[PDB]
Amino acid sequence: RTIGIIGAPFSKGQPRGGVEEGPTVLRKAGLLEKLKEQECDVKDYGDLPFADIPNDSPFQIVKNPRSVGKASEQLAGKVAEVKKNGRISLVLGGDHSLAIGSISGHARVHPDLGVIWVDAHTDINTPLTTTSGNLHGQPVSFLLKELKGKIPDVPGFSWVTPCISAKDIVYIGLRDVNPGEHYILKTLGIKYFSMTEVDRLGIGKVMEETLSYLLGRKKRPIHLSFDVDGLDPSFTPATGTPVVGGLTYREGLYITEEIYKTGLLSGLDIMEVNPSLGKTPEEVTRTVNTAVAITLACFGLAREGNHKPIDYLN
């Protein structure tokens, strides 16, 4: 596949800053090198230089609003620039608030995209239902058209125009959903497969329904926003909000392998990797390695094996 790597070292969508070390540790793990080792065409668009906004007081309870709204504004333009180049944007990020810009810029070039959200959380809190005030747990609320008229005018986000409908998104891996968020889920009819549905149906069936749900009417570009805490912390411990009983390594790879096989993947997000939170150097390596594996699976690496179109027996 043909990639367009974008490093997004941002963390003001939440409290812990070590998250902006993601683009760095993932690249050192050899991500670019490994993609090239596959049938991949890769162009590194560099790490976006996010400028600090000293004067950025809370909007009510919402923290670092201008800083966050700016980082997504900047990211949105990069993602659109890479999608204009006929490449699949790979946003190596910090916190999940960057999804607002990622999905926004992608939808500018492909308004009919579908979103698959792998995460332990729904991240659909509005500035008024949030209790933490952290914008990384509110990205979907800014993107959903149906919630337009319920999101206040928060400093830094005037440029935002909801681009996805409640019916063009699927959640996979949920296990820590706030009360208001759940109300949103059932009220707007959002499709999701929490860990309970995964336990009941199996990831094989969960992926069949997910893909049918989004591509059954007609094929459309796929945006995969992957929060590494969607996977169990025994796989990705170095993340800010781990929740036990998560998706397995195998399930993580199954999800992505199936997405790749659709040939419809066009936008990907690898988020919330925070090395600074690894209890040990191995926990850091375990988290980074899992993130790389999931990434490579999105672009072709198959557990059954891969081979070029040639005669190996010669």
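Don't overthink the numbering: it's just position in the shown sequence, from 1.
The deposited model assigns a higher average Cα B-factor to 273-281 than to the other stretch when 273-281 and 257-265 are compared. For the pair 139-147 and 214-222, the record assigns the higher mean C-alpha temperature factor to 214-222. Residues shown: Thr248, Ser67, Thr287, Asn55. Highest C-alpha temperature factor in the entry: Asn55. The top Cα temperature factor in the record, among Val109, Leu185, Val115, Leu98, falls on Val109. Among all modelled residues in its chain, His121 ranks in the lowest third by Cα B-factor. The PDB entry assigns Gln74 a C-alpha temperature factor belonging to the middle third of its chain's modelled residues.
Residue-level temperature factors show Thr236 in the lowest third of its chain, judged at the C-alpha atom. Among all modelled residues in this chain, the alpha-carbon of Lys167 has a temperature factor (C-alpha) in the highest third. Placement of the Cα temperature factor of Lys191 within the chain: middle third of the modelled residues, per the deposited record.
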